[PDB]
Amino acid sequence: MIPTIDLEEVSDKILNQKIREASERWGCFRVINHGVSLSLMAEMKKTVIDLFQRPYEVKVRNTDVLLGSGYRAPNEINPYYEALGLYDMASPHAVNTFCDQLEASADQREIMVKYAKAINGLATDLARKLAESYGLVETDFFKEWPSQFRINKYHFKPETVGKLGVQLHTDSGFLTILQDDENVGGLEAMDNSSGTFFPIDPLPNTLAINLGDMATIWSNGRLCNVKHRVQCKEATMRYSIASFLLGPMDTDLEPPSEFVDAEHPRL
């Protein structure tokens, strides 16, 4: 079972410890009292739904910056999935460019600006708490790490229900913040120990956090890069918003040396 962590827990050592053990054992957790405006989240979702109904020929303008950034229409590899997004989410220029590409309204534009700044703050905050949970000196390790924004539209038809919508996988970055679909469940993750899956049901006003491959590398294997998938449980439309804190992009990720011991040989 995925644990729910209270980010307004009064005690730093309890809070950081909860986060670390969740990140090591399950590779994921929910956060409550995250500090992201609930109204901003709903408006971001409204903006997402509306953005996906832009002209196809406009959507196609959402060009890759990184391979996979930008638009992907459903195809025969993964037929139920449509997506948009931008690289370097921390850059107001990058966000604006994305909004220029999708011809967002001015109102929409500034919804995106505010969401990105909020979500990216939650991300830096969570990452720092992870550094703190290990008593690291390098409590700023991520300060030059770029983020990637990606909004997703899942189309499940009656054919799809009972089966999956996306196959089992790990995020390649450090940390992911997911705003799932309020009224359409289906996200599942595998317990590495058992091999069994458990669901990540969309609990209202919460945000889902999971760790990716970069976190495992950085932590020399202590942090779990959770395997997850979304399974179709009903043939409806489905929207989700994801913000990825990635590893460094120019450099190569190797761990703070505090993680590499004679009992933790390098990977």
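Numbers for residues come from their place in the sequence shown, where the first is 1.
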item	value
Of 38-46 and 231-239, the one with larger mean CA B-factor	231-239
Greater mean Cα temperature factor according to the PDB record, 110-118 or 151-159	151-159
Peak C-alpha temperature factor (PDB record), options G173, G165, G135, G85	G165
Highest-ranked of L246, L253, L15, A22 once sorted by CA temperature factor in the record	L253
Chain-relative CA temperature factor third for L178	lowest
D140 - Cα temperature factor, lowest/middle/highest third of chain	middle
For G27, the third of its chain into which the C-alpha B factor falls	lowest
Lowest, middle or highest third - CA B-factor, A94	highest
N62 by Cα B-factor - lowest, middle or highest third of the modelled chain	middle
